[PDB]
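Novice: Here it is: the structure, laid out below.
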Amino acid sequence: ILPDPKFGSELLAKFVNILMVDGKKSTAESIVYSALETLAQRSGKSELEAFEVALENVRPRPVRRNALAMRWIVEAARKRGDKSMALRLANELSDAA
Amino acid sequence: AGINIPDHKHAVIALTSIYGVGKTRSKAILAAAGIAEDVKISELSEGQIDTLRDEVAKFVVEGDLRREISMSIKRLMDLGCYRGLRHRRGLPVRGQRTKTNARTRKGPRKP
Amino acid sequence: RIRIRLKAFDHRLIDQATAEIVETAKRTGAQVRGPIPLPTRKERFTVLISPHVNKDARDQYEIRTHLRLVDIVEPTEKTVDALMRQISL
Amino acid sequence: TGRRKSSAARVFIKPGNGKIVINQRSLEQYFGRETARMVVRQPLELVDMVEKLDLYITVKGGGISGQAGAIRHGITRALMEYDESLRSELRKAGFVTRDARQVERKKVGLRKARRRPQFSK
Amino acid sequence: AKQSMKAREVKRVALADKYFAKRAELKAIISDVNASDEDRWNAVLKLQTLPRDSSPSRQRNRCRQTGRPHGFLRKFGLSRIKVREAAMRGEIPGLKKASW
Amino acid sequence: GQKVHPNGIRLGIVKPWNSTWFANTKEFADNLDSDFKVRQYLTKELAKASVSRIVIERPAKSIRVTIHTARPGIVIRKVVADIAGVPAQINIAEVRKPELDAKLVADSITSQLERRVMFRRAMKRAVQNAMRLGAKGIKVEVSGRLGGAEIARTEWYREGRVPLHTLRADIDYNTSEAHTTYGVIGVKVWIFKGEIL
Amino acid sequence: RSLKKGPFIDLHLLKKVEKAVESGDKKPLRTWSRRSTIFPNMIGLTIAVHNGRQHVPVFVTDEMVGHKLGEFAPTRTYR
RNA sequence: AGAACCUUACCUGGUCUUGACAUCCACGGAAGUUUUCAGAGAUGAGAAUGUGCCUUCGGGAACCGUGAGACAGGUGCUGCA
RNA sequence: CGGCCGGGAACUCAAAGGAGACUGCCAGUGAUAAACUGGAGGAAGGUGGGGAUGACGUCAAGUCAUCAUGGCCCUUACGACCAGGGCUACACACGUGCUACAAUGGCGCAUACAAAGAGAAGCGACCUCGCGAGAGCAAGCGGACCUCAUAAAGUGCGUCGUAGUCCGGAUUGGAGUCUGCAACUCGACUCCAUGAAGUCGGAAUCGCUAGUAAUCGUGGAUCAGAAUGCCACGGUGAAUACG
Numbered sequence: 011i012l013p014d015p016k017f018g019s020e021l022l023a024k025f026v027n028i029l030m031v032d033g034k035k036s037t038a039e040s041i042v043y044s045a046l047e048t049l050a051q052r053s054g055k056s057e058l059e060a061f062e063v064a065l066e067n068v069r070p091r092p093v094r095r096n097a098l099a100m101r102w103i104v105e106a107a108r109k110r111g112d113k114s115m116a117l118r119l120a121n122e123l124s125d126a127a
Numbered sequence: 004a005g006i007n008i009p010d011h012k013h014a015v016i017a018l019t020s021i022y023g024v025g026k027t028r029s030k031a032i033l034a035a036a037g038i039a040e041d042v043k044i045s046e047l048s049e050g051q052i053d054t055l056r057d058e059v060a061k062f063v064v065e066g067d068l069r070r071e072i073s074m075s076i077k078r079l080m081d082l083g084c085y086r087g088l089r090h091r092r093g094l095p096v097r098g099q100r101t102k103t104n105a106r107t108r109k110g111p112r113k114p
Numbered sequence: 005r006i007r008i009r010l011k012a013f014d015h016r017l018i019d020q021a022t023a024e025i026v027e028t029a030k031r032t033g034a035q036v037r038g039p040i041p042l043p044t045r046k047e048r049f050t051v052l053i054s055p056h057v058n059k060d061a062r063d064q065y066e067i068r069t070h071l072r073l074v075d076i077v078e079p080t081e082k083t084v085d086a087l088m089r099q100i101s102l
Numbered sequence: 008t009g010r011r012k013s014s015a016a017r018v019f020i021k022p023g024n025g026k027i028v029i030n031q032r033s034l035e036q037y038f039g040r041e042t043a044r045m046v047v048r049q050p051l052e053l054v055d056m057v058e059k060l061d062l063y064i065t066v067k068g069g070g071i072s073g074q075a076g077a078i079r080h081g082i083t084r085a086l087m088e089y090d091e092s093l094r095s096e097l098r099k100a101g102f103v104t105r106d107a108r109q110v111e112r113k114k115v116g117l118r119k120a121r122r123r124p125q126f127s128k
Numbered sequence: 001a002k003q004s005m006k007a008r009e010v011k012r013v014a015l016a017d018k019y020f021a022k023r024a025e026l027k028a029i030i031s032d033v034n035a036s037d038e039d040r041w042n043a044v045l046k047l048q049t050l051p052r053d054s055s056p057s058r059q060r061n062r063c064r065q066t067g068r069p070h071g072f073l074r075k076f077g078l079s080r081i082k083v084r085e086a087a088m089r090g091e092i093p094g095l096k097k098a099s100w
Numbered sequence: 001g002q003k004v005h006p007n008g009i010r011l012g013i014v015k016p017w018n019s020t021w022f023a024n025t026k027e028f029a030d031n032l033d034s035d036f037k038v039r040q041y042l043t044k045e046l047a048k049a050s051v052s053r054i055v056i057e058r059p060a061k062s063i064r065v066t067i068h069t070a071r072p073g074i075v076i087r088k089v090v091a092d093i094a095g096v097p098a099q100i101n102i103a104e105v106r107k108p109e110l111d112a113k114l115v116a117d118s119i120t121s122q123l124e125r126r127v128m129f130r131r132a133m134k135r136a137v138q139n140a141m142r143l144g145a146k147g148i149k150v151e152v153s154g155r156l157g158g159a160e161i162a163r164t165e166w167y168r169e170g171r172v173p174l175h176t177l178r179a180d181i182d183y184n185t186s187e188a189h190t191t192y193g194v195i196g197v198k199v200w201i202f203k204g205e206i207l
Numbered sequence: 002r003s004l005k006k007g008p009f010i011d012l013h014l015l016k017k018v019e020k021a022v023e024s025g026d027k028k029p030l031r032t033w034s035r036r037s038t039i040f041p042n043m044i045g046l047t048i049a050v051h052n053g054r055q056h057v058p059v060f061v062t063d064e065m066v067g068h069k070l071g072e073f074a075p076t077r078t079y080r
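Chains as they are written, first to last, in PDB author numbering: chain f, 11 to 70, 91 to 127; chain l, 4 to 114; chain i, 5 to 89, 99 to 102; chain h, 8 to 128; chain m, 1 to 100; chain b, 1 to 76, 87 to 207; chain r, 2 to 80.
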């Protein structure tokens, strides 16, 4: 299991892994980079790196808790399109805050 | 003219809407007429449209293509060949498999 | 200049063949360089075993024909004697 | 020299202070996708003498991450032939190299290497 | 795979070897199209007077010792079962259990 | 259920092939046809000559056929020189141990069956003569209509040690078919000599 | 056909059409090589194709001058 | 691990039946080659040419045709021999 | 400024002969035994991975249709031949794949990366013609050199924007190209036009735990030509295994 130490964040490695449907890694990296760009508008308190309020979600081991949380996040993200590479992070921030 | 009135589309994509000219034929017509391939019809002036009308009417038009297809199929049917017989009975002509496939040619799967 | 190619089936067979060739080459002299082994050609093809209904039953056959060659910088009378004791001029 | 999923990689030591050229081209021109540079920077960051010494690399075969792993094994073999203390310090951390994870041979009677076809009752 | 079928095969390859040359010249003057429409017509004339046999279109190249029309290879010239038995009893160089 | 050939899996392990010649594709095809035709011809003309092994070698435009067998004073290259368009020569290897020969014991079993000797007696005589010579393993098997009745059986006898999942085992296996008034009977014989590789 | 060379017509059909022009009256023009196409000498003829078991006559005119012979007589049937 | 006639083992009409394929007997002719007509082709009738290697030269040896007896052929049946 | 040649056998590659990991060592557990866990060394640590390797017998399972054979039958025949047709037919259902139902998407431009295999009664450089399937010319190569042979997803720019729309491609018409005596039942491909159904699938069911599945491409056998099939190879590359 290799991480992505460009940003560290093995949780974001899991995120790009579950966003790597059909094995497309560079495109999922572009997706998470657009997500980082749209997240740097606010950026919270290191919110562009880690997620604090997104852990205790409305639909809940802590590793399995985070796995179910990110699964629900990806589901509610890919549920709609309309410039998905911003609408997915829009749904993410709506579910988080 | 009357037909092919889209909104916020490029010229080559717009010219596809006429029954008888599509993507590559629109590209060839625009190359012969000297028209850009990316300009929308709303930004396009009528000075190119009056030439485009004759440039497309040089080739087959909607009604002419429809009546040509109709006269060809009725000609083949009245000749009574294998093509005409399969066109009358609703069977494919190019040697497709009517055992399980050719549902689009045969009709709805009611029985 | 003069390239002598040879082919065999067994690895020890092609090894002893090239050994005999390089031994008679060191005998005749003329500064013969060593053997040049080339990558073998693998001729694989699957065959249905039984003549009836069985698709998972297919064998795997391997062909490993070893093809090597040696070089001669200048052909001489002793080299042609060691020849007449594949050729490319 | 090292390899990774059928991708040969040859290395050469040359002190250049930031000169990384692969196949007579810069790394930013030849490689890219903003992940290969990072996965080859990952050994270069902790213990690898990032400056004061550079490495001329050539690659043959492979794709992107395969060539990245091949040149990573190449630079760690260059470090090993340079000295042994840094090799031991790399092996103490999570940098054990030569990971043999090649592609499995296609089987017979299957749709892929480890995929049995669908069968009904 | 019968004696009659192998007789048909050997007479087919014999007629092919006999009438190969004139059929080859006919195909050559058919492929060479620069002029001589009437000579092309006469080439088709001779090609139609030539029987339908004696051509690689007729050449089926089935098995030799068994005559099996299915499961043939142009490298060994026999059936799948016969080349399997040949590699089984071991009278052909190579053909080991391929394992890579 | 369905095992593999011992020789067919140990072609490049212990027991070598019976043909040594290289050629291109069509040359390999016609040469295979020629060698199979001359093998069938030699077998059907010397079936009573106790023929065991036919090995062919073609270095360069020359056939060398060696017959590994016992009792060599039966025949004495005419037929192979007439059929093949290249020069050919014959050799005869009078090998020892005439009882440890798979083709010879298959011929003897088929001859006893066509002479209507009992199956158990024939198998017992075969395995006893095989083990008395000084062998290590012998497995015989008769298949098909054990008595000419309407029920077919596969009676097999073993003795000593006949391994099959050991690839370094010097095991030779041979099949034979006898054409009798009750059909055909297929005999499979296994001879295990030693353990060296 | 490859549509550049001569449209293939069989020799026996050619000579039977010649005999029909001479004295054959164009009625009993039985054909078996339906693989041959048609070219403008077959206008208003009565050609009997051997599509199935016997020969069935079909009138061929200028509206079907460029076509194939096996079209005008089918080989398929429904209940 | 491959249907366009072949494959083809099948059906419509024409054929040959010691046979398409292996062998025996007696006779004639080396073998072979160009080519025309009836015909969808299989098939029948012609017109020229070649005539050898050995010669016990009433004939050897492959080859083509004629007549009969053996047989042959069968992808016809029985894996419940 | 092409490994192109001198030069070198350093390195890759090539095929050989060997070596390298065998519970080899330490601690603990375990009836000191067998055996297990952790750790160092080590490229590989507990048969490293994969293929191959199929027990006595079961289904009187399939094959006398590839073949071999006891018996039965045809033997002016069910035997040999010939042309056309069928094997590709179509009220319907089932099975295995492929293409999609698009926005990690389509299309336009430039461009990065192989393994493996095949080739002479063939592959085909290179030029010209052609929007094209391809045609004329033709050196090299039964071959690590010559040819197949331009890999694509990816990268960089642009176009639209959530619609059957620029997704998708069935069907049909006109015209061409290839092999093949011959392309209509009964081939493939291409130029243009038409562009349908399809908007994520019910009860239910199948495969998969690793650089495997998932996705994209290439080659080969078969074959005159004719595969979404089969057999191999490569590119990117997951999540889960508490039980």
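Idealized CB from N, CA, C, for every residue including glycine.
Looking only at C-alpha atoms, which of r:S34, r:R35, r:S37 and r:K17 sits nearest to r:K28?
Specialist: Closest option to r:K28, Cα to Cα, is r:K17.
Novice: Assuming h:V28 and h:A85 form a contact by the criterion Cβ under 8 Å, report the distance between their Cβ atoms to the nearest whole angstrom.
Specialist: Between h:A85 and h:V28 the Cβ distance is about 15 Å, and since that is not below 8 Å, they are no contact.
Novice: Would b:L110 and b:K198 be called neighbours here (beta carbons separated by less than 8 Å)?
Specialist: Going by C-beta atoms, b:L110 is not nearer than 8 Å to b:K198.
Novice: Considering only their Cβ atoms, is the gap separating i:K11 from b:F28 smaller than 8 Å?
Specialist: No. Outside cutoff.
Novice: Distance check for m:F72 and f:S44, CA to CA, integer angstroms please.
Specialist: Spanning the two alpha carbons is a distance of roughly 58 Å.
Novice: The ligand MG heavy atoms versus the CB of b:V197: any closer than 7 Å?
Specialist: Looking for the ligand MG in the displayed structure turns up nothing, as the structure carries no ligands at all.
Novice: Assuming m:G90 contacts b:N7 (C-beta within less than 8 Å), just tell me the rounded distance between them.
Specialist: Right, their Cβ atoms sit about 5 Å apart.
Novice: Could you work out which residues of chain r lie near m:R40, taking near to mean beta carbons separated by less than 9 Å?
Specialist: In chain order: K6 and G7.
Novice: Answer with buried or exposed for i:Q99, where buried requires no fewer than 16 other C-beta atoms within 10 angstroms of its C-beta.
Specialist: So i:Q99 ends up on the exposed side.
Novice: Between the alpha carbons of h:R10 and h:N30, how many angstroms are there, rounded?
Specialist: About 16 Å.
Novice: Can you tell me whether DSSP reads b:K149 as helix, strand or coil?
Specialist: Here b:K149 sits in strand by DSSP.
Novice: Compute the Euclidean distance between the alpha carbons of l:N7 and l:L18, then round it to the nearest angstrom.
Specialist: About 7 Å.
Novice: Taking all protein chains shown into account, decide if m:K82 is buried (16 or more other Cβ within 10 angstroms of its Cβ) or exposed.
Specialist: The residue in question, m:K82, is buried, as its Cβ has 16 or more Cβ neighbours within 10 Å.
Novice: Going along the chain, which residues of the segment 38-64 of chain i sit with their C-beta nearer than 7 Å to a C-beta in chain h?
Specialist: Going along the segment 38-64 of chain i in chain order, one finds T50, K59, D60 and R62 with a Cβ nearer than 7 Å to chain h.
Novice: Which residues of chain m have a Cβ atom closer than 8 Å to the Cβ of b:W21, listed in chain order?
Specialist: Here the neighbours are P93.
Novice: What number of angstroms, rounded off, separates the C-alpha of m:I92 from the C-alpha of m:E85?
Specialist: The alpha-carbon atoms of m:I92 and m:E85 are separated by roughly 10 Å.
Novice: To the nearest angstrom, how far is it from the Cα of i:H70 to the Cα of m:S36?
Specialist: One C-alpha to the other measures close to 54 Å.
Novice: Can you name the start and end residues of the beta strand (DSSP E) that h:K67 belongs to?
Specialist: Note, h:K67: beta strand (DSSP E), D61 to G68.
Novice: Among the residues of its own chain, which have a CB less than 6 Å from the CB of r:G53, if the five just before and after it don't count?
Specialist: Closer than 6 Å at Cβ, skipping near neighbours: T76.
Novice: Can you check DSSP and say which residues form a bridge with b:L11?
Specialist: BP columns for b:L11 are empty, so no partner.
Novice: Write down the C-beta distance between b:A94 and b:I63 rounded to the nearest angstrom, noting that I regard them as a contact closer than 8 Å.
Specialist: So it is a contact: roughly 6 Å between Cβ atoms.
Novice: Does the beta carbon of b:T69 sit closer than 8 Å to a beta carbon anywhere in chain m?
Specialist: No, b:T69 lies away from the interface with chain m (no Cβ there is under 8 Å from its Cβ).
Novice: Rounded to whole angstroms, what's the CA-CA distance from b:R87 to b:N101? Just pull it up for me.
Specialist: Cα to Cα, the separation comes out at about 9 Å.
Novice: Quick check for students: name the residue ranges of the alpha helix (DSSP H) that lie wholly in the segment 14-74 of chain h, counting only runs of 4 or more.
Specialist: Taking only runs of at least 4 residues, the alpha helix (DSSP H) segments lying wholly in the segment 14-74 of chain h are 34-37 and 43-52.
Novice: Can you tell me the Cα-Cα spacing of l:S29 and r:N42, whole angstroms?
Specialist: Each residue's Cα considered, the two are about 40 Å apart.
Novice: Between the segment 23-36 of chain b and chain m, which residues of the former have CB atoms less than 9 Å from a CB of the latter, in chain order?
Specialist: Here the close residues are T25, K26, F28, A29, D30, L32, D33, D35 and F36.
Novice: Does the distance from the C-beta atom of h:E58 to that of h:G25 stay below 8 Å?
Specialist: Result yes, Cβ atoms of h:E58 and h:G25 sit closer than 8 Å.
Novice: In chain order, what residues of the same chain lie with their CB nearer than 7 Å to the CB of f:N96, ignoring the 5 residues before and after it?
Specialist: Closer than 7 Å at Cβ, skipping near neighbours: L21 and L65.
Novice: Contact between the segment 170-183 of chain b and the segment 139-151 of chain b is defined here as three or more beta-carbon pairs at a separation below 8 Å; is this criterion met?
Specialist: Segments in contact, yes.
Novice: Is r:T62 helix, strand or coil by DSSP?
Specialist: Coil at r:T62, not helix or strand.
Novice: Are the segment 38-54 of chain l and the segment 9-25 of chain l in contact at 8 Å, needing three or more beta carbon pairs?
Specialist: Output reads yes: the segment 9-25 of chain l touches the segment 38-54 of chain l.
Novice: Is the beta carbon of i:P79 closer than 8 Å to that of i:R5?
Specialist: Contact: yes.
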